[PDB]
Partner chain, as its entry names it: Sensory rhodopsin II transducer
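We begin with a single chain expressed as C-alpha cells, specifically the form deposited without its partner chain.
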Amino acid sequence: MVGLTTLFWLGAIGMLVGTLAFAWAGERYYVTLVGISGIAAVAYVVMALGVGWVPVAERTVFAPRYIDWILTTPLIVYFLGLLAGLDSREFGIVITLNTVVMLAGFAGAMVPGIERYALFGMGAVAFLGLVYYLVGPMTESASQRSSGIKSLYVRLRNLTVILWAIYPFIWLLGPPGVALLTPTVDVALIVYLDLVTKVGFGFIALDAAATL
C-alpha cells in the first residue's frame, strides 16, 4: 500500500515546501536554511526516482541520504554556531566532529562485513563529543547574547540534541545494522526525522524572527 518510492516523494515534497517558504521569508540565516532543505529535496527526488540504491551484501543502502547528511548537517551546526556567536576557531572543532560522525556512518553503511560496526562505534564516540560542545561551550557562548537570541538557541539546541540522538538507534535497528526493522518502516522513521530536524527546525527559527 505504501512503497519506498512513495515515502521518498513525500520527503521530497516536504523539503520543497520548506525550501520555498525559507526563500520567501529571506540576517545568512535564511540562505543557510534554503541550503539545508534544498539539498535534502534533491537527495529525496533522486532516491524517489530509484537512483543511488546500492546493494551491499544482503541489504540495500541509499547513497543519496548520506551525501545529503554530510552537506546539510554541518549547515545546521553552522546555523547554531551563528546564534551562539562562536569564533571562527570553535566552528572548526564542531564542524570537524560533525563530519567524522557523517563519514563514519556513510562508510559503515557501505561495508558488508562486521567492520561496519567498528565504523559505527567511531561515529558514536565523535557524536558524544559533538553533544558536549552543543550543551556546554556553545551554550556558554550563546549566553553572552540578548535574552531572545539565547532563548532561540536553547530551543533549537534541544530540538537538535534530542532528535539527532535517535538516528543512531534507527540506523542500528534497521537494515544497516541488525536488520531488525524493515526497510519500509526504517525509511518512514527517517523521513519523519529529516523533515523535523530540517523543516521543523527552520519554521521554529522563522517564528522567532517575527516575534522580535
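Numbering follows the first chain given and starts at 1.
Missing coordinates between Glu27 and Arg28 amount to 1 to 3 residues of the deposited sequence. Count the deposited residues lacking coordinates between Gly26 and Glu27 and you get 4 to 9 of them. Remark: stretch with higher mean C-alpha B factor among 28-36 and 63-71 is 28-36.
Mean CA B-factor, 140-148 versus 181-189: the higher value falls on 140-148. Of the residues listed, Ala165, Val42, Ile170, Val56, the entry assigns the biggest Cα temperature factor to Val56. Ranked by C-alpha B-factor against the other modelled residues of its chain, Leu86 falls in the highest third.
In the PDB entry, a CA B factor belonging to the highest third of its chain's modelled residues is recorded for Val111. Per the deposited record, the Cα B-factor of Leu20 falls in the highest third when ranked against the other modelled residues of its chain.
Among the modelled residues of its chain, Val51 has a C-alpha B-factor that falls in the highest third according to the deposited record.
Same protein, other form: the form solved in complex with its partner chain, not shown, and the subject of what follows.
For the chain shown alone, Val2 is a contact residue for its partner chain in the entry with it bound, at least one non-hydrogen atom being within 4.5 angstroms.
Proximity of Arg145 to its partner chain in the entry with it bound falls outside the 4.5 Å heavy atom cutoff.
Using a 4.5 angstroms limit between non-hydrogen atoms, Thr184 touches its partner chain in the entry with it bound. Using a 4.5 angstroms threshold between heavy atoms, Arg155 counts as touching its partner chain in the entry with it bound. Across the proposed site, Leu173, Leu193 and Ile204 without exception bring a heavy atom within 4.5 Å of its partner chain in the entry with it bound. Of the stretches 32-40, 173-181, 47-55, 61-69, only 173-181 has residues with a heavy atom within 4.5 Å of its partner chain in the entry with it bound.
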